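Undergrad: Contents of protein.pdb (PDB, C-alpha atoms):
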ATOM      1  CA  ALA I   1       2.140   5.308 -17.146  1.00  0.00           C
ATOM      2  CA  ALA I   2       4.465   8.245 -16.501  1.00  0.00           C
ATOM      3  CA  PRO I   3       3.781  11.540 -18.297  1.00  0.00           C
ATOM      4  CA  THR I   4       6.455  13.783 -19.803  1.00  0.00           C
ATOM      5  CA  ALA I   5       7.921  16.233 -17.295  1.00  0.00           C
ATOM      6  CA  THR I   6      10.986  18.439 -17.731  1.00  0.00           C
ATOM      7  CA  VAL I   7      13.105  18.726 -14.588  1.00  0.00           C
ATOM      8  CA  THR I   8      16.268  20.778 -14.105  1.00  0.00           C
ATOM      9  CA  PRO I   9      19.699  19.181 -13.626  1.00  0.00           C
ATOM     10  CA  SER I  10      20.050  18.018 -10.025  1.00  0.00           C
ATOM     11  CA  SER I  11      22.780  15.428 -10.571  1.00  0.00           C
ATOM     12  CA  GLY I  12      25.946  16.375  -8.691  1.00  0.00           C
ATOM     13  CA  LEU I  13      24.241  19.249  -6.877  1.00  0.00           C
ATOM     14  CA  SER I  14      24.696  19.810  -3.145  1.00  0.00           C
ATOM     15  CA  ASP I  15      22.083  21.070  -0.687  1.00  0.00           C
ATOM     16  CA  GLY I  16      20.546  24.418  -1.623  1.00  0.00           C
ATOM     17  CA  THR I  17      20.185  23.297  -5.237  1.00  0.00           C
ATOM     18  CA  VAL I  18      16.742  23.589  -6.822  1.00  0.00           C
ATOM     19  CA  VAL I  19      15.429  20.935  -9.208  1.00  0.00           C
ATOM     20  CA  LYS I  20      12.566  21.989 -11.478  1.00  0.00           C
ATOM     21  CA  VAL I  21       9.824  19.505 -12.354  1.00  0.00           C
ATOM     22  CA  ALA I  22       7.348  20.123 -15.172  1.00  0.00           C
ATOM     23  CA  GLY I  23       4.885  17.387 -16.122  1.00  0.00           C
ATOM     24  CA  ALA I  24       3.633  17.107 -19.701  1.00  0.00           C
ATOM     25  CA  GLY I  25       0.969  14.619 -20.779  1.00  0.00           C
ATOM     26  CA  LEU I  26      -0.190  13.796 -17.251  1.00  0.00           C
ATOM     27  CA  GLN I  27      -3.792  13.462 -16.083  1.00  0.00           C
ATOM     28  CA  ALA I  28      -5.375  16.883 -16.575  1.00  0.00           C
ATOM     29  CA  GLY I  29      -6.888  18.290 -13.383  1.00  0.00           C
ATOM     30  CA  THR I  30      -5.221  15.411 -11.544  1.00  0.00           C
ATOM     31  CA  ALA I  31      -3.262  15.940  -8.329  1.00  0.00           C
ATOM     32  CA  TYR I  32       0.336  14.784  -7.917  1.00  0.00           C
ATOM     33  CA  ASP I  33       2.638  14.332  -4.925  1.00  0.00           C
ATOM     34  CA  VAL I  34       6.280  15.296  -5.438  1.00  0.00           C
ATOM     35  CA  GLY I  35       9.064  14.278  -3.059  1.00  0.00           C
ATOM     36  CA  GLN I  36      12.736  13.313  -2.853  1.00  0.00           C
ATOM     37  CA  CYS I  37      13.336   9.614  -2.213  1.00  0.00           C
ATOM     38  CA  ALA I  38      16.688   7.842  -1.923  1.00  0.00           C
ATOM     39  CA  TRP I  39      17.232   4.156  -2.676  1.00  0.00           C
ATOM     40  CA  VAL I  40      18.393   2.464   0.525  1.00  0.00           C
ATOM     41  CA  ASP I  41      18.053  -1.197  -0.443  1.00  0.00           C
ATOM     42  CA  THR I  42      16.921  -3.373  -3.347  1.00  0.00           C
ATOM     43  CA  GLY I  43      13.382  -2.207  -4.100  1.00  0.00           C
ATOM     44  CA  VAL I  44      13.607  -0.307  -0.815  1.00  0.00           C
ATOM     45  CA  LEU I  45      13.908   3.477  -1.020  1.00  0.00           C
ATOM     46  CA  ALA I  46      13.465   5.986   1.802  1.00  0.00           C
ATOM     47  CA  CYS I  47      11.473   9.205   1.449  1.00  0.00           C
ATOM     48  CA  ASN I  48      12.043  12.654   2.941  1.00  0.00           C
ATOM     49  CA  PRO I  49       8.956  14.628   4.005  1.00  0.00           C
ATOM     50  CA  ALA I  50      11.335  17.582   4.279  1.00  0.00           C
ATOM     51  CA  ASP I  51      11.456  17.875   0.489  1.00  0.00           C
ATOM     52  CA  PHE I  52       7.934  16.704  -0.332  1.00  0.00           C
ATOM     53  CA  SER I  53       5.965  19.250  -2.356  1.00  0.00           C
ATOM     54  CA  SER I  54       2.542  19.219  -4.010  1.00  0.00           C
ATOM     55  CA  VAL I  55       0.938  20.550  -7.189  1.00  0.00           C
ATOM     56  CA  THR I  56      -2.044  20.091  -9.501  1.00  0.00           C
ATOM     57  CA  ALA I  57      -2.094  19.749 -13.286  1.00  0.00           C
ATOM     58  CA  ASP I  58      -4.181  22.243 -15.259  1.00  0.00           C
ATOM     59  CA  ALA I  59      -6.688  21.442 -18.002  1.00  0.00           C
ATOM     60  CA  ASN I  60      -3.699  21.249 -20.344  1.00  0.00           C
ATOM     61  CA  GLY I  61      -2.536  18.294 -18.255  1.00  0.00           C
ATOM     62  CA  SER I  62       0.659  20.124 -17.310  1.00  0.00           C
ATOM     63  CA  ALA I  63       2.011  20.943 -13.852  1.00  0.00           C
ATOM     64  CA  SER I  64       4.994  22.822 -12.428  1.00  0.00           C
ATOM     65  CA  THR I  65       6.716  22.504  -9.054  1.00  0.00           C
ATOM     66  CA  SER I  66      10.124  22.960  -7.433  1.00  0.00           C
ATOM     67  CA  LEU I  67      11.952  20.093  -5.731  1.00  0.00           C
ATOM     68  CA  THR I  68      14.537  20.874  -3.056  1.00  0.00           C
ATOM     69  CA  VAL I  69      17.730  18.829  -3.344  1.00  0.00           C
ATOM     70  CA  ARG I  70      19.140  17.512  -0.068  1.00  0.00           C
ATOM     71  CA  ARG I  71      22.543  15.918   0.507  1.00  0.00           C
ATOM     72  CA  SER I  72      21.028  13.574   3.088  1.00  0.00           C
ATOM     73  CA  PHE I  73      17.938  13.072   5.245  1.00  0.00           C
ATOM     74  CA  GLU I  74      15.748  10.514   7.008  1.00  0.00           C
ATOM     75  CA  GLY I  75      14.911   7.820   4.460  1.00  0.00           C
ATOM     76  CA  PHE I  76      11.169   7.447   5.022  1.00  0.00           C
ATOM     77  CA  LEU I  77      10.272   4.226   3.212  1.00  0.00           C
ATOM     78  CA  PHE I  78       7.038   4.654   1.260  1.00  0.00           C
ATOM     79  CA  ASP I  79       5.826   1.614   3.195  1.00  0.00           C
ATOM     80  CA  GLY I  80       5.949   3.987   6.162  1.00  0.00           C
ATOM     81  CA  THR I  81       9.129   2.574   7.690  1.00  0.00           C
ATOM     82  CA  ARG I  82      12.169   4.491   8.929  1.00  0.00           C
ATOM     83  CA  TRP I  83      14.970   3.189   6.714  1.00  0.00           C
ATOM     84  CA  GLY I  84      17.610   5.621   7.966  1.00  0.00           C
ATOM     85  CA  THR I  85      19.436   8.841   7.102  1.00  0.00           C
ATOM     86  CA  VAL I  86      20.185   8.408   3.400  1.00  0.00           C
ATOM     87  CA  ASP I  87      23.165  10.094   1.748  1.00  0.00           C
ATOM     88  CA  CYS I  88      22.169  11.448  -1.663  1.00  0.00           C
ATOM     89  CA  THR I  89      25.882  12.174  -2.028  1.00  0.00           C
ATOM     90  CA  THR I  90      26.457   8.430  -1.718  1.00  0.00           C
ATOM     91  CA  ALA I  91      23.667   7.130  -3.948  1.00  0.00           C
ATOM     92  CA  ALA I  92      21.333   8.338  -6.695  1.00  0.00           C
ATOM     93  CA  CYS I  93      18.088   9.983  -5.591  1.00  0.00           C
ATOM     94  CA  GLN I  94      14.946  10.877  -7.538  1.00  0.00           C
ATOM     95  CA  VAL I  95      11.948  13.176  -7.116  1.00  0.00           C
ATOM     96  CA  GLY I  96       8.277  12.525  -7.854  1.00  0.00           C
ATOM     97  CA  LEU I  97       4.700  13.429  -6.931  1.00  0.00           C
ATOM     98  CA  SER I  98       1.906  11.091  -5.847  1.00  0.00           C
ATOM     99  CA  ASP I  99      -1.826  11.809  -5.781  1.00  0.00           C
ATOM    100  CA  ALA I 100      -4.679  10.251  -3.809  1.00  0.00           C
ATOM    101  CA  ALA I 101      -4.499   6.999  -5.771  1.00  0.00           C
ATOM    102  CA  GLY I 102      -0.707   7.269  -5.704  1.00  0.00           C
ATOM    103  CA  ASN I 103      -0.011   8.101  -9.347  1.00  0.00           C
ATOM    104  CA  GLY I 104       2.508  10.448 -10.960  1.00  0.00           C
ATOM    105  CA  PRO I 105       4.422  11.317 -14.144  1.00  0.00           C
ATOM    106  CA  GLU I 106       7.449   9.343 -15.324  1.00  0.00           C
ATOM    107  CA  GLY I 107       9.549   8.967 -12.177  1.00  0.00           C
ATOM    108  CA  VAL I 108      12.350  11.514 -11.825  1.00  0.00           C
ATOM    109  CA  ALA I 109      15.737   9.793 -11.974  1.00  0.00           C
ATOM    110  CA  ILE I 110      18.327  11.936 -10.197  1.00  0.00           C
ATOM    111  CA  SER I 111      21.679  11.517  -8.453  1.00  0.00           C
ATOM    112  CA  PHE I 112      24.416  13.306  -6.514  1.00  0.00           C
ATOM    113  CA  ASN I 113      27.872  13.658  -8.059  1.00  0.00           C
TER     114      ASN I 113
END
Can you turn what I pasted into structure tokens?
TA:
Amino acid sequence: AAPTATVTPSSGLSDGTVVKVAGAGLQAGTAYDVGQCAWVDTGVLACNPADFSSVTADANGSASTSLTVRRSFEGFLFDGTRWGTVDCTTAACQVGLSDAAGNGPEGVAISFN
């Protein structure tokens, strides 16, 4: 299940933009892995280790991190495959954070336009 996190508006924002991400109701004391992934194909989305951050939720089960918005970058498929340079300005991207098990708060649906 995805927790409740408040992220800033990153839809229609070009490089340099900063998208805030605050989790609320997530595993307390649990680690999360945030990153900017762009959908390349059906069920196939690339990830960019250039905008991958990290953070840990406090006892309150709330975390706070900043996600860098990129216009485009190497779409690193979670599977560990090189999809290709994705164009966030061509499709809708989203940020998120994964822990050891690979869990995180309600995915972050974003876009560029």
Undergrad: Hey, what's within 10 Å of residue 100 of chain I if we count only C-alpha atoms and toss same-chain stuff fewer than 6 positions away? As a ChimeraX atom specification, please?
TA: /I:30-33
Undergrad: Counting only C-alpha atoms, what is within 12 Å of residue 40 of chain I, bar same-chain residues fewer than 2 positions away, as an mmCIF file with C-alpha atoms, in the coordinates of the input?
TA:
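Saved as around_36.cif:
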data_model
loop_
_atom_site.group_PDB
_atom_site.id
_atom_site.type_symbol
_atom_site.label_atom_id
_atom_site.label_comp_id
_atom_site.auth_asym_id
_atom_site.auth_seq_id
_atom_site.Cartn_x
_atom_site.Cartn_y
_atom_site.Cartn_z
ATOM 1 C CA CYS I 37 13.336 9.614 -2.213
ATOM 2 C CA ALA I 38 16.688 7.842 -1.923
ATOM 3 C CA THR I 42 16.921 -3.373 -3.347
ATOM 4 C CA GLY I 43 13.382 -2.207 -4.100
ATOM 5 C CA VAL I 44 13.607 -0.307 -0.815
ATOM 6 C CA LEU I 45 13.908 3.477 -1.020
ATOM 7 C CA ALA I 46 13.465 5.986 1.802
ATOM 8 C CA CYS I 47 11.473 9.205 1.449
ATOM 9 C CA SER I 72 21.028 13.574 3.088
ATOM 10 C CA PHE I 73 17.938 13.072 5.245
ATOM 11 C CA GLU I 74 15.748 10.514 7.008
ATOM 12 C CA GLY I 75 14.911 7.820 4.460
ATOM 13 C CA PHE I 76 11.169 7.447 5.022
ATOM 14 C CA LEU I 77 10.272 4.226 3.212
ATOM 15 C CA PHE I 78 7.038 4.654 1.260
ATOM 16 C CA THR I 81 9.129 2.574 7.690
ATOM 17 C CA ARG I 82 12.169 4.491 8.929
ATOM 18 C CA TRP I 83 14.970 3.189 6.714
ATOM 19 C CA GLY I 84 17.610 5.621 7.966
ATOM 20 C CA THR I 85 19.436 8.841 7.102
ATOM 21 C CA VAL I 86 20.185 8.408 3.400
ATOM 22 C CA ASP I 87 23.165 10.094 1.748
ATOM 23 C CA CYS I 88 22.169 11.448 -1.663
ATOM 24 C CA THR I 90 26.457 8.430 -1.718
ATOM 25 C CA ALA I 91 23.667 7.130 -3.948
ATOM 26 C CA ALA I 92 21.333 8.338 -6.695
ATOM 27 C CA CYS I 93 18.088 9.983 -5.591
#
Undergrad: Nearest residue to residue 22 of chain I out of I:89, I:36, I:62, I:53, using all atoms listed in the file?
TA: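 When distances to residue 22 of chain I are compared using all atoms listed in the file, the smallest one comes from I:62.
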Undergrad: Can you list, as an mmCIF file with C-alpha atoms, in the coordinates of the input, the residues that the PyMOL selection byres ((chain I and resi 99) around 12) selects here?
TA:
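The result, stored in expr32.cif:
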data_model
loop_
_atom_site.group_PDB
_atom_site.id
_atom_site.type_symbol
_atom_site.label_atom_id
_atom_site.label_comp_id
_atom_site.auth_asym_id
_atom_site.auth_seq_id
_atom_site.Cartn_x
_atom_site.Cartn_y
_atom_site.Cartn_z
ATOM 1 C CA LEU I 26 -0.190 13.796 -17.251
ATOM 2 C CA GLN I 27 -3.792 13.462 -16.083
ATOM 3 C CA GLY I 29 -6.888 18.290 -13.383
ATOM 4 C CA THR I 30 -5.221 15.411 -11.544
ATOM 5 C CA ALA I 31 -3.262 15.940 -8.329
ATOM 6 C CA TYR I 32 0.336 14.784 -7.917
ATOM 7 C CA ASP I 33 2.638 14.332 -4.925
ATOM 8 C CA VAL I 34 6.280 15.296 -5.438
ATOM 9 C CA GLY I 35 9.064 14.278 -3.059
ATOM 10 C CA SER I 53 5.965 19.250 -2.356
ATOM 11 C CA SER I 54 2.542 19.219 -4.010
ATOM 12 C CA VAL I 55 0.938 20.550 -7.189
ATOM 13 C CA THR I 56 -2.044 20.091 -9.501
ATOM 14 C CA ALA I 57 -2.094 19.749 -13.286
ATOM 15 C CA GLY I 96 8.277 12.525 -7.854
ATOM 16 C CA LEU I 97 4.700 13.429 -6.931
ATOM 17 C CA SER I 98 1.906 11.091 -5.847
ATOM 18 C CA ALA I 100 -4.679 10.251 -3.809
ATOM 19 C CA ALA I 101 -4.499 6.999 -5.771
ATOM 20 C CA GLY I 102 -0.707 7.269 -5.704
ATOM 21 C CA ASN I 103 -0.011 8.101 -9.347
ATOM 22 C CA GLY I 104 2.508 10.448 -10.960
ATOM 23 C CA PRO I 105 4.422 11.317 -14.144
#
Undergrad: Between atom CA of residue 41 of chain I and atom CA of residue 94 of chain I, what distance in Å does the model show, to one decimal?
TA: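 Separation between atom CA of residue 41 of chain I and atom CA of residue 94 of chain I: 14.3 Å.
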Undergrad: Between atom CA of residue 5 of chain I and atom CA of residue 66 of chain I, what is the distance in Å, rounded to a tenth?
TA: 12.1 Å
Undergrad: Pick out the residues sitting within 10 Å of residue 20 of chain I, and hand them over as a list in words; count only C-alpha atoms, and ignore anything fewer than 2 positions along from it in its own chain.
TA: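 Result of the neighbour search: residues 5, 6, 7, 8, 9, 10, 17, 18, 22, 64, 65, 66, 67, 68 and 95 of chain I.
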Undergrad: Work out how far atom CA of residue 107 of chain I is from atom CA of residue 4 of chain I, in Å to one decimal.
TA: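 Atom CA of residue 4 of chain I sits 9.5 Å away from atom CA of residue 107 of chain I.
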Undergrad: Centre and edge lengths of an axis-aligned box around all listed atoms of segment 59-72 of chain I, with 6 Å added on each side, are to be given in Å to one decimal, as lines of an AutoDock Vina configuration file.
TA:
center_x = 7.9
center_y = 18.3
center_z = -8.6
size_x = 41.2
size_y = 21.4
size_z = 35.4
Undergrad: Excluding residue 113 of chain I and its own-chain neighbours fewer than 6 positions away, which residues fall within 7 Å of it when counting only C-alpha atoms? Please give them as JSON, numbers by chain.
TA: {"I": [11, 12, 13, 89]}
Undergrad: Could you write segment 28-56 of chain I as an mmCIF file, in the frame of the given file, with N, CA and C atoms rebuilt where they are missing?
TA:
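Below is the file that was written, out-v1.cif:
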data_model
loop_
_atom_site.group_PDB
_atom_site.id
_atom_site.type_symbol
_atom_site.label_atom_id
_atom_site.label_comp_id
_atom_site.auth_asym_id
_atom_site.auth_seq_id
_atom_site.Cartn_x
_atom_site.Cartn_y
_atom_site.Cartn_z
ATOM 1 N N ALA I 28 -4.981 15.494 -16.696
ATOM 2 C CA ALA I 28 -5.375 16.883 -16.575
ATOM 3 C C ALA I 28 -6.326 17.048 -15.398
ATOM 4 N N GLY I 29 -6.054 18.036 -14.541
ATOM 5 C CA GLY I 29 -6.888 18.290 -13.383
ATOM 6 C C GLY I 29 -6.610 17.259 -12.297
ATOM 7 N N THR I 30 -5.583 16.432 -12.506
ATOM 8 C CA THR I 30 -5.221 15.411 -11.544
ATOM 9 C C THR I 30 -4.163 15.948 -10.591
ATOM 10 N N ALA I 31 -4.212 15.503 -9.333
ATOM 11 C CA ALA I 31 -3.262 15.940 -8.329
ATOM 12 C C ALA I 31 -2.049 15.021 -8.336
ATOM 13 N N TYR I 32 -0.888 15.558 -7.952
ATOM 14 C CA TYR I 32 0.336 14.784 -7.917
ATOM 15 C C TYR I 32 1.125 15.121 -6.659
ATOM 16 N N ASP I 33 1.846 14.135 -6.122
ATOM 17 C CA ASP I 33 2.638 14.332 -4.925
ATOM 18 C C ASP I 33 4.117 14.195 -5.257
ATOM 19 N N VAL I 34 4.860 15.299 -5.149
ATOM 20 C CA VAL I 34 6.280 15.296 -5.438
ATOM 21 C C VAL I 34 7.069 15.144 -4.146
ATOM 22 N N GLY I 35 8.227 14.485 -4.223
ATOM 23 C CA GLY I 35 9.064 14.278 -3.059
ATOM 24 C C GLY I 35 10.420 13.723 -3.476
ATOM 25 N N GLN I 36 11.402 13.805 -2.575
ATOM 26 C CA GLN I 36 12.736 13.313 -2.853
ATOM 27 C C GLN I 36 12.979 12.019 -2.091
ATOM 28 N N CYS I 37 13.103 10.908 -2.821
ATOM 29 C CA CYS I 37 13.336 9.614 -2.213
ATOM 30 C C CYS I 37 14.720 9.108 -2.594
ATOM 31 N N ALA I 38 15.364 8.378 -1.680
ATOM 32 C CA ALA I 38 16.688 7.842 -1.923
ATOM 33 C C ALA I 38 16.672 6.330 -1.743
ATOM 34 N N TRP I 39 17.190 5.603 -2.736
ATOM 35 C CA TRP I 39 17.232 4.156 -2.676
ATOM 36 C C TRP I 39 18.158 3.710 -1.554
ATOM 37 N N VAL I 40 17.617 2.952 -0.597
ATOM 38 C CA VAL I 40 18.393 2.464 0.525
ATOM 39 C C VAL I 40 18.771 1.008 0.294
ATOM 40 N N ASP I 41 17.814 0.209 -0.183
ATOM 41 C CA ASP I 41 18.053 -1.197 -0.443
ATOM 42 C C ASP I 41 17.375 -1.602 -1.745
ATOM 43 N N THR I 42 17.520 -2.872 -2.127
ATOM 44 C CA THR I 42 16.921 -3.373 -3.347
ATOM 45 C C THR I 42 15.405 -3.266 -3.262
ATOM 46 N N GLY I 43 14.818 -2.397 -4.089
ATOM 47 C CA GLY I 43 13.382 -2.207 -4.100
ATOM 48 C C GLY I 43 12.936 -1.480 -2.839
ATOM 49 N N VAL I 44 13.902 -1.016 -2.043
ATOM 50 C CA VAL I 44 13.607 -0.307 -0.815
ATOM 51 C C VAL I 44 14.247 1.073 -0.850
ATOM 52 N N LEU I 45 13.420 2.113 -0.974
ATOM 53 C CA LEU I 45 13.908 3.477 -1.020
ATOM 54 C C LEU I 45 13.223 4.307 0.058
ATOM 55 N N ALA I 46 13.999 5.145 0.750
ATOM 56 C CA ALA I 46 13.465 5.986 1.802
ATOM 57 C C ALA I 46 12.962 7.294 1.210
ATOM 58 N N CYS I 47 12.031 7.949 1.908
ATOM 59 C CA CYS I 47 11.473 9.205 1.449
ATOM 60 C C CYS I 47 11.710 10.286 2.493
ATOM 61 N N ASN I 48 11.817 11.539 2.045
ATOM 62 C CA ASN I 48 12.043 12.654 2.941
ATOM 63 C C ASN I 48 10.889 13.641 2.845
ATOM 64 N N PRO I 49 10.098 13.743 3.915
ATOM 65 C CA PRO I 49 8.956 14.628 4.005
ATOM 66 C C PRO I 49 9.436 16.067 4.134
ATOM 67 N N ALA I 50 10.757 16.259 4.157
ATOM 68 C CA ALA I 50 11.335 17.582 4.279
ATOM 69 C C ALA I 50 11.478 18.211 2.900
ATOM 70 N N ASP I 51 11.340 17.395 1.853
ATOM 71 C CA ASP I 51 11.456 17.875 0.489
ATOM 72 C C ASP I 51 10.267 17.392 -0.329
ATOM 73 N N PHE I 52 9.133 17.166 0.338
ATOM 74 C CA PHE I 52 7.934 16.704 -0.332
ATOM 75 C C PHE I 52 7.028 17.887 -0.643
ATOM 76 N N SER I 53 6.810 18.151 -1.933
ATOM 77 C CA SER I 53 5.965 19.250 -2.356
ATOM 78 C C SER I 53 4.670 18.709 -2.946
ATOM 79 N N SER I 54 3.809 19.610 -3.423
ATOM 80 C CA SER I 54 2.542 19.219 -4.010
ATOM 81 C C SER I 54 2.164 20.192 -5.117
ATOM 82 N N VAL I 55 1.370 19.722 -6.082
ATOM 83 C CA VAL I 55 0.938 20.550 -7.189
ATOM 84 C C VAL I 55 -0.199 19.865 -7.932
ATOM 85 N N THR I 56 -0.935 20.632 -8.740
ATOM 86 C CA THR I 56 -2.044 20.091 -9.501
ATOM 87 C C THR I 56 -1.898 20.466 -10.968
#
